RNA sequence: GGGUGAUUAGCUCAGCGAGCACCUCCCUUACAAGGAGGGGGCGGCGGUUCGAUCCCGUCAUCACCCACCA
RNA sequence: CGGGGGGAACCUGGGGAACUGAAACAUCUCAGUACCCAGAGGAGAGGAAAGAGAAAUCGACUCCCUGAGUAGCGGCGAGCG
RNA sequence: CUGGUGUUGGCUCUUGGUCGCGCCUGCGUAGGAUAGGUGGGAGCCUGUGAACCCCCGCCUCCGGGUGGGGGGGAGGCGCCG
RNA sequence: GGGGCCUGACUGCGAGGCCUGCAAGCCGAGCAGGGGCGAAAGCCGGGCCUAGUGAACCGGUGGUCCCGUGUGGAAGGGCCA
Ligand SMILES: [Mg+2]
Ligand SMILES: [Mg+2]
Ligand SMILES: [Mg+2]
Ligand SMILES: [Mg+2]
Ligand SMILES: [Mg+2]
Ligand SMILES: [Mg+2]
Ligand SMILES: [Mg+2]
Ligand SMILES: [Mg+2]
Ligand SMILES: [Mg+2]
Ligand SMILES: [Mg+2]
Ligand SMILES: [Mg+2]
Ligand SMILES: [Mg+2]
Ligand SMILES: [Mg+2]
Ligand SMILES: [Mg+2]
Ligand SMILES: [Mg+2]
Ligand SMILES: [Mg+2]
Ligand SMILES: [Mg+2]
Ligand SMILES: [Mg+2]
Ligand SMILES: [Mg+2]
Ligand SMILES: [Mg+2]
Ligand SMILES: [Mg+2]
Ligand SMILES: [Mg+2]
Ligand SMILES: [Mg+2]
Ligand SMILES: [Mg+2]
Ligand SMILES: [Mg+2]
Ligand SMILES: [Mg+2]
Ligand SMILES: [Mg+2]
Ligand SMILES: [Mg+2]
Ligand SMILES: [Mg+2]
Ligand SMILES: [Mg+2]
Ligand SMILES: [Mg+2]
Ligand SMILES: [Mg+2]
Ligand SMILES: [Mg+2]
């Protein structure tokens, strides 16, 4: 890689599990990008994609504005916006969409579901965050 | 199983270290070869009681030296030698420097361990060093007559 | 004498019960006994030889109590006697 | 009631389309052996993707060692 | 200094059947009986709650009456309790 | 007869599982001839010796894939096609 | 024998009897609920009838919510199938 996140990886730690509100505020400072940062935080899920009965879909737009689908490998992705929103508001938006997921969580789906959510951007790292606290 | 090593045993470490090894090793090798003992309420007590004993004898030696260090780090001895001009007819041996210090200033010294090589054959001002373990510079003045 | 010289453990009588069938807890009709007969269980009895004062003292002990012999070994006061010195290291206080 | 294995054109197999066959054709002189061509054919559907005899629940039979049976 | 061996039955501990009953028989019964062994004594055992068990209760152990052929146990059989 | 385990220890080489993270990995003309999945995302990495180069390595679906080092020193460039 | 519409191959019961050592087996009008066919009277609690079957124990499975070992639950049982 470059020195983009080799300047930035000694301040942000993947090893020791973290929670949202303390690890939420660093998402715009962790991206050294030149342009237009669109943050994406994600976790994979414990449902077997090999059966379509357990899949999940929809379109639910976020309150704040532009600026959910599971794959066949069983992870989850979604855009939360554009550069736009600041660092301290996302404790409000970092628990926002994350509670729209579990709405359509399947019943015959087996296992702990939000597994490892790593707060990231298009431009950014692996850092542990709790889905809840 | 807890054993107190009686001898540095190399991977399973140093003397008096409390190491945990399998009972079979303990009972059929270490113990009967006098290589260790069971670490018990007693044998561990005797150990700690004797880690204190030594760390007293040592820490009262470093507080022995430095306690008679400052005596002769300040106090000075001057020894008149049968004159010559900046050459001594005799010398002053390390032995001699002892004898002086006893006679004037009343301290006692072994007297090995300053500089034994070259028993010093010239007049001048010298700074000589002492022992055991952290230690002293001393000041000897040599001049003339008796 | 298959009896631990330290703990006192000695052989006991136990029944051997042959059962057939499927536990009720598994939804079987439940288990049936096709035989019961007497057997024994011996203590797990081992030699431990240890050197004490002059001599070699060997105990017959249930492997559970093997440590007790070395505790008993520490216990060193004034015995110049024969290999029947063990009556002294046998137990004293306990 | 298990482990699950045997899943396959007409018969058997192999892949998370071949041999003994059958037909025309050579070779002998002839069974032959060979040598060359032709022949819907994959336990079962719903569903997966670009594609899927080459991805997943019912269960359709199949053995071997197995469970149990008032 | 003590032990050893004996003692009708009684006692505790170590071991421990079968006939029989189950109208056959194996789990079950008989039965922890008979018997063998060890050890107590004039008794032995037990005994001073890591107990009961539903009352905010009782209060060591032993023995009798009762609780009660109850609660249960049981090829839910015989029967055990 | 036999698995596990106790009695049962020292030193080694050797492997499987699985977990964590690091690391690579994969070809149905095509997009530009070498697309693992899928939503983002309109570029960027780059001098902390790029564009290539050479020796030296690893996997090789081999045109190709890929890192260590230096000869390396101011471009390659994403959608756009 | 043919056609149309249906599922009474009902649920809650059952006067009275046939048979009969017991246990069983058999027939059964009628009332209640909600239905089917019928304009209706009415019929319908399987089949023209008489064989097509198996006490109890133990256990499976669905259900009700009855019991739930100090109490709330739970384990397990009961009851209906
Ligand atoms: Mg057994
Ligand atoms: Mg039974
Ligand atoms: Mg018997
Ligand atoms: Mg031994
Ligand atoms: Mg043990
Ligand atoms: Mg004790
Ligand atoms: Mg007895
Ligand atoms: Mg009998
Ligand atoms: Mg008999
Ligand atoms: Mg009988
Ligand atoms: Mg009889
Ligand atoms: Mg008979
Ligand atoms: Mg009995
Ligand atoms: Mg007796
Ligand atoms: Mg007697
Ligand atoms: Mg009397
Ligand atoms: Mg009396
Ligand atoms: Mg008495
Ligand atoms: Mg009894
Ligand atoms: Mg490993
Ligand atoms: Mg009647
Ligand atoms: Mg009758
Ligand atoms: Mg009627
Ligand atoms: Mg009516
Ligand atoms: Mg009508
Ligand atoms: Mg009517
Ligand atoms: Mg019976
Ligand atoms: Mg029953
Ligand atoms: Mg209830
Ligand atoms: Mg309760
Ligand atoms: Mg209740
Ligand atoms: Mg209770
Ligand atoms: Mg129930």
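Residue numbers (the entry's author numbering), protein chains in the order written: chain 71, 3 to 69, 163 to 228; chain 61, 1 to 146; chain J8, 2 to 95.
Positions of the beta carbon are idealized from the N, C-alpha and C atoms, including for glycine.
Can you list, in chain order, the residues of the stretch 29-46 of chain 61 whose Cβ is nearer than 9 Å to any Cβ on chain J8? 31, 32, 37, 38, 40, 42, 43
Could you check what DSSP says for residue 18 (chain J8) in three-state terms: helix, strand or coil? As a first step, residue 18 (chain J8) is located in the third chain; it is residue number 17 there, counting from the start. DSSP places residue 18 (chain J8) in strand when its eight states are reduced to three.
Where does residue 95 (chain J8) land, buried or exposed, given buried means 16+ other C-beta within 10 angstroms? As a first step, residue 95 (chain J8) must be located in the third chain, where it is residue number 94. Residue 95 (chain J8) should be labelled exposed.
What are the boundary residues of the beta strand (DSSP E) that includes residue 41 (chain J8)? As a working mapping, residue 41 (chain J8) is identified with position 40 in the third chain. Note, residue 41 (chain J8): beta strand (DSSP E), 33-42.
Complete alpha helix (DSSP H) runs within the stretch 42-84 of chain 61 (minimum length 4 residues, chain order): 62-74
Does residue 119 (chain 61) come within less than 9 Å of chain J8 when only Cβ atoms are used? Residue mapping note: residue 119 (chain 61) aligns to position 119 of the second chain, counting from 1. So, not an interface residue.
According to DSSP, which residues form a beta bridge with residue 60 (chain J8)? The residue you call residue 60 (chain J8) lines up with position 59 of the third chain. DSSP output for residue 60 (chain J8) lists 49 (chain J8) as bridge partner(s).
Please check the pair residue 88 (chain 61) and residue 121 (chain 61), which I expect to be a contact at CB under 8 Å, by giving their CB distance rounded to whole angstroms. As a position in the second chain, residue 88 (chain 61) is number 88, starting the count at 1. As a position in the second chain, residue 121 (chain 61) is number 121, starting the count at 1. Residue 88 (chain 61) to residue 121 (chain 61), Cβ: 5 Å. Contact.
Please classify residue 1 (chain 71): is it buried, with 16 or more other beta-carbons within 10 angstroms of its beta-carbon, or exposed? This structure gives no information on residue 1 (chain 71), because the portion of chain 71 shown stretches from 3 to 228.
Residue of 68 (chain 71), 207 (chain 71), 219 (chain 71) minimising C-alpha distance to residue 5 (chain 71): For this step, residue 5 (chain 71) is matched to residue 3 along the first chain. When only C-alpha atoms are compared, the closest one is 219 (chain 71).
Which bits of chain 61 does residue 52 (chain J8) rub up against, with CB to CB less than 8 Å? One-based indexing of the third chain puts residue 52 (chain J8) at position 51. 32, listed in chain order.
DSSP three-state call for residue 172 (chain 71): helix, strand or coil? Walking along the first chain from the start, residue 172 (chain 71) turns up at place 77. Strand, per DSSP.
Looking at the C-beta of residue 134 (chain 61), does it have a partner C-beta in chain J8 at a distance below 9 Å? As a working mapping, residue 134 (chain 61) is identified with position 134 in the second chain. No, because no Cβ of chain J8 sits closer than 9 Å to the Cβ of residue 134 (chain 61).
Looking at residue 138 (chain 61) and residue 97 (chain 61), is the spacing between their C-beta atoms short of 9 Å? Translated into positions along the second chain, residue 97 (chain 61) becomes position 97. Translated into positions along the second chain, residue 138 (chain 61) becomes position 138. Contact: yes.
Exposed or buried, residue 87 (chain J8), counting other C-beta atoms within 10 Å across all chains shown (16 or more means buried)? Residue mapping note: residue 87 (chain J8) aligns to position 86 of the third chain, counting from 1. Flag for residue 87 (chain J8) reads buried.
Quick check: is the beta carbon of residue 43 (chain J8) nearer than 9 Å to any beta carbon in chain 61? Walking along the third chain from the start, residue 43 (chain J8) turns up at place 42. Chain 61 contact via Cβ: absent.
How far does the beta strand (DSSP E) with residue 137 (chain 61) in it reach, from first residue to last? As a first step, residue 137 (chain 61) is located in the second chain; it is residue number 137 there, counting from the start. Unbroken beta strand (DSSP E) run through residue 137 (chain 61): 137-142.
List the endpoints of the continuous beta strand (DSSP E) containing residue 36 (chain 61). The count along the second chain starts at 1 and reaches residue 36 (chain 61) at position 36. Looking at the DSSP string, the run of the beta strand (DSSP E) that includes residue 36 (chain 61) is 36-38.
What is the residue span of the beta strand (DSSP E) that residue 125 (chain 61) lies within? Mapped onto the second chain, residue 125 (chain 61) falls at position 125. That run of the beta strand (DSSP E) goes 124-129.
I'd like to know whether the C-beta atoms of residue 1 (chain 61) and residue 23 (chain 61) end up nearer to each other than 9 Å. Translated into positions along the second chain, residue 1 (chain 61) becomes position 1. Translated into positions along the second chain, residue 23 (chain 61) becomes position 23. Yes.
With a CB to CB cut of under 6 Å and the five nearest residues on each side skipped, what residues in its chain are close to residue 119 (chain 61)? Translated into positions along the second chain, residue 119 (chain 61) becomes position 119. These residues qualify, in order along the chain: 91, 93.
Just confirm the distance between the C-beta atoms of residue 42 (chain 71) and residue 216 (chain 71), as a whole number of angstroms; I'd bet it's less than 8 Å. Translated into positions along the first chain, residue 42 (chain 71) becomes position 40. Translated into positions along the first chain, residue 216 (chain 71) becomes position 121. Rounded, the Cβ-Cβ distance is 6 Å, consistent with contact.
Shorter than 9 Å from the beta carbon of residue 27 (chain 61) to some beta carbon of chain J8? Residue 27 (chain 61) sits at position 27 when you count from the first residue of the second chain. Yes, its Cβ sits closer than 9 Å to a Cβ of chain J8.
Quick check: the Cα distance between residue 21 (chain 61) and residue 192 (chain 71), rounded to an integer number of angstroms? By 1-based counting over the second chain, the position of residue 21 (chain 61) is 21. By 1-based counting over the first chain, the position of residue 192 (chain 71) is 97. Computed Cα separation, rounded: 55 Å.
Is there at least one Cβ from chain 61 nearer than 9 Å to residue 72 (chain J8)'s Cβ? Locating residue 72 (chain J8) in the third chain gives position 71, where the first residue counts as 1. Chain 61 contact via Cβ: present.
Pair every Cβ in the stretch 4-15 of chain 61 with every Cβ in the stretch 202-210 of chain 71, then say whether three or more of these pairs are closer than 8 Å. no
Kindly indicate if chain 61 contains any beta-carbon less than 9 Å away from that of residue 75 (chain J8). Sequence index remark: in the third chain, residue 75 (chain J8) carries index 74 (1-based). At least one chain 61 Cβ lies under 9 Å of residue 75 (chain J8).
Taking only beta-carbon atoms, is residue 58 (chain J8) less than 9 Å away from chain 61? Here residue 58 (chain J8) refers to the residue found at position 57 when the third chain is read from its first residue. It does not; no Cβ of chain 61 falls within 9 Å.
Applying the 10 Å Cβ sphere with the 16-neighbour rule, what's the burial state of residue 83 (chain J8)? Along the third chain, read from residue 1 onward, the residue named residue 83 (chain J8) stands at position 82. With fewer than 16 Cβ atoms within 10 Å of its Cβ, residue 83 (chain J8) is classed as exposed.
Pick from 10 (chain 71), 181 (chain 71), 27 (chain 71) that is closest to residue 66 (chain 71), judged by C-alpha positions: On the first chain, residue 66 (chain 71) is found 64 positions in, with the first residue counted as 1. It is 181 (chain 71).
Among residues of its own chain, excluding the 5 on either side of residue 116 (chain 61), which ones have a beta-carbon nearer than 7 Å to its beta-carbon? Numbered from 1 along the second chain, position 116 holds the residue referred to as residue 116 (chain 61). So the list reads 94, once near-sequence residues are dropped.
Please identify the residue among 56 (chain 71), 60 (chain 71), 174 (chain 71), 176 (chain 71) whose C-alpha is closest to the C-alpha of residue 167 (chain 71). Looking up residue 167 (chain 71) in the first chain gives position 72. Ranking the options by Cα distance to residue 167 (chain 71), first place goes to 56 (chain 71).
Taking three-plus beta-carbon pairs below 8 Å as touching, is the stretch 18-28 of chain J8 in contact with the stretch 127-134 of chain 61? no
Is residue 64 (chain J8) a contact residue of ligand 5, with contact defined as CB to any heavy atom under 8 Å? Within the third chain, numbered from 1, the residue matching residue 64 (chain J8) stands at position 63. Answer for residue 64 (chain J8): yes, Cβ within range of ligand 5.
How many angstroms separate the CA atom of residue 103 (chain 61) from the CA atom of residue 85 (chain 61)? Residue 103 (chain 61) sits at position 103 when you count from the first residue of the second chain. Residue 85 (chain 61) sits at position 85 when you count from the first residue of the second chain. The alpha-carbon atoms of residue 103 (chain 61) and residue 85 (chain 61) are separated by roughly 26 Å.
Measuring CB to CB, does residue 35 (chain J8) end up less than 9 Å from residue 19 (chain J8)? If you number the third chain from 1, residue 35 (chain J8) lands on position 34. If you number the third chain from 1, residue 19 (chain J8) lands on position 18. Contact: yes.
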